[PDB]
Amino acid sequence: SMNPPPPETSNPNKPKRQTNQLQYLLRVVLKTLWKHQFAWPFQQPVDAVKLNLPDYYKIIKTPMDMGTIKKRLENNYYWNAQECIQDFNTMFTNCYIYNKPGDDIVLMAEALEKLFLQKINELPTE
Ligand SMILES: Cc1cc(/N=N/c2ccc(S(=O)(=O)Nc3ccccn3)cc2)cc(C)c1O
């Protein structure tokens, strides 16, 4: 199997804005996660070809990753903070669906997700 195309990151037909929450999501949340020691599995789409995971996109129908999220933020692709938060949650969920408890990658996801949730608890006002 081929990899699916990556998620769209730009769309001139989708309205754009910058909000304090979206700024925080890029500058604090994304950037903090991105530099973490456990970020590497999550910095780009899962390359099921390169990793020889033929079933990955048979199981995961809503792929998402931080590279995509970063580009969406940088492109002002999101209108609502919740769209971005949802993308992060989808990314984590995919990991938990595909992988098993105690797998290194699941422990990595848990740790990154705990940091993510901590940071979104600090989202500034609307
Ligand atoms: C979310 C997710 C990621 C993944 N594999 N991801 C990668 C990402 C990057 C590399 S890397 O080889 O470019 N960089 C590395 C590889 C190992 C340690 C540090 N950096 C390898 C696997 C595999 C699975 C199932 C999965 O559910």
Side-chain angles (χ1 to χ4, degrees):
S1 294
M2 290 182 283
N3 290 321
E8 71 173 25
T9 55
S10 183
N11 187 336
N13 206 225
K14 180 184 188 310
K16 295 184 301 181
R17 72 178 174 174
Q18 308 85 223
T19 68
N20 204 209
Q21 289 188 350
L22 286 166
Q23 177 172 88
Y24 181 92
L25 286 160
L26 175 60
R27 305 304 188 179
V28 177
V29 183
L30 184 284
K31 286 298 173 70
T32 297
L33 266 57
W34 191 268
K35 69 186 187 180
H36 196 281
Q37 62 170 308
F38 296 161
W40 59 266
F42 305 102
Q43 281 168 335
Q44 59 286 305
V46 177
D47 190 335
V49 172
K50 170 191 171 290
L51 299 168
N52 198 44
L53 305 172
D55 63 346
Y56 186 86
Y57 297 104
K58 300 181 192 316
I59 297 169
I60 299 306
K61 304 301 195 181
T62 308
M64 189 47 58
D65 68 279
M66 296 201 299
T68 297
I69 296 164
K70 179 174 194 293
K71 282 178 174 74
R72 283 178 173 201
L73 287 157
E74 295 171 334
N75 294 329
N76 297 317
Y77 177 92
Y78 301 119
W79 189 257
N80 282 339
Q82 188 54 218
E83 292 175 83
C84 175
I85 291 162
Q86 181 59 243
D87 279 349
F88 277 106
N89 290 335
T90 294
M91 174 186 83
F92 294 121
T93 302
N94 293 346
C95 187
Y96 301 134
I97 288 170
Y98 186 79
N99 300 288
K100 312 299 170 61
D103 284 357
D104 285 7
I105 197 169
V106 164
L107 295 171
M108 293 172 78
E110 292 184 351
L112 273 187
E113 180 181 34
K114 284 170 31 67
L115 179 54
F116 169 67
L117 292 173
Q118 177 185 129
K119 298 303 195 180
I120 68 179
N121 282 341
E122 311 183 286
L123 272 174
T125 51
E126 183 177 345

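Both backbone and side-chain heavy atoms feed into the values below; hydrogens, waters and symmetry mates do not. Order of appearance sets the numbers: ligands from 1, and atoms from 1 within every ligand. Count residues from 1 along the sequence.
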Query raised in the report: Do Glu83 and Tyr77 have a side chain donor and acceptor closer than 3.5 Å?
Result: no
Check whether any side-chain N or O of [X] sits under 3.5 Å from a backbone N or O of [Y] as a donor-acceptor pair, and report yes or no.
X     : Y     : value
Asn94 : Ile60 : no
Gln21 : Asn80 : no
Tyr56 : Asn3  : no

Query raised in the report: Just how far is it from atom SG of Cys95 to atom CG of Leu107, taken to the nearest 0.5 Å?
Result: 9.5 Å
Could you pull out every N or O of ligand 1 that sits under 3.5 Å from a protein N or O, with the distance for each pair?
unit_1   : atom_1 : unit_2 : atom_2 : d
ligand 1 : 27 (O) : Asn99  : ND2    : 3.0

Query raised in the report: Relative to the ring of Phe88, is the ring of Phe92 parallel (under 30°), tilted (30 to 60°) or perpendicular (over 60°)?
Result: parallel
